[PDB]
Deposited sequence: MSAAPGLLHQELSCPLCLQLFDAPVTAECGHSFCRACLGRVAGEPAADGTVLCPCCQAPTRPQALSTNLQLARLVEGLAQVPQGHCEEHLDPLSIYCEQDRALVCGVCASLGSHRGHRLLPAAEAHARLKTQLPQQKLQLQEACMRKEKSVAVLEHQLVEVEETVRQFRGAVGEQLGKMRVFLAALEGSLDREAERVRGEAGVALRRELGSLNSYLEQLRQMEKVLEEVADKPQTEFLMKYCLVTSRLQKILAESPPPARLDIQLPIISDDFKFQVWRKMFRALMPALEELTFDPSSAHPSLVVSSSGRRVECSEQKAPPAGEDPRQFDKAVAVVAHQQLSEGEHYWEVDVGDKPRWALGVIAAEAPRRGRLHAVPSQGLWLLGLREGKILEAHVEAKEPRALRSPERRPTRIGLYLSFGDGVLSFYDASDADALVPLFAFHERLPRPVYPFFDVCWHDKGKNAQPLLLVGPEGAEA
């Protein structure tokens, strides 16, 4: 019995040592967990400070602009009214000199004609009364709302530097040397090449830059173009031949056709039409955020107020090229170009 216990005791000692090692590993895990919680709280504070500081720097920029405009208009008004005051003071000094000369028989008769002529000239040279016109921008109760809508365009990041690929371009379309303007050519196009990257039948161009992650925003000036489409195309999605404008094939579109109808190309038998704004879209900004997987099309005709049109909410694959369907030229009826707005 003693030998069995003496042989079993090292096994118990080894088990206790293993338990102590596991406890030490758990204590190290707990310490690193506490450190990581503190670092996560610091990072959350930093990120919320970044967002709210973007809001604060927009507000400070607007306040500085308004204060500078008020200072400039006050300076101009002060300069003009001081010119008027100096002219009035000169006229008053001349009138006082004329009165002093009139206060001072032969010499009086000799000087009376000159004094009367100078007084008549001074009276006829009377400047017109000044006008109380100050044209600083007035701020009513609505003004804060005018700021609030104005905040939206400021919230979105800087316009993504996008350029048009000549290689992926449809053969009819010609891309300008700057890379921000594409338009259809009335002349006959060359036959489509064997390169699968360029579009065969869908008359469209995709931008050069490759959106990968994070928030992105880019604006397209459409003008008064009759029919077009703006959106994103999946990199794995095929391009040769006609393309179904559905998220399932890999196209997220906001195709407008026949001038008035603005239909968002959602998965269905037919792209369901949205409601047209009271004035036609001339400049539309696409906002793609990969973190929440949203793609929103904001009508930006006035840079102050951006009104939403449609927002896809499904998760987006990486990477999606921005996509611009300029469509057929239609014997000059659709010659209006889609141009990227650059900062």
Expected output for missing-CA ranges on the deposited sequence is 1-124, 229-233, 473-477
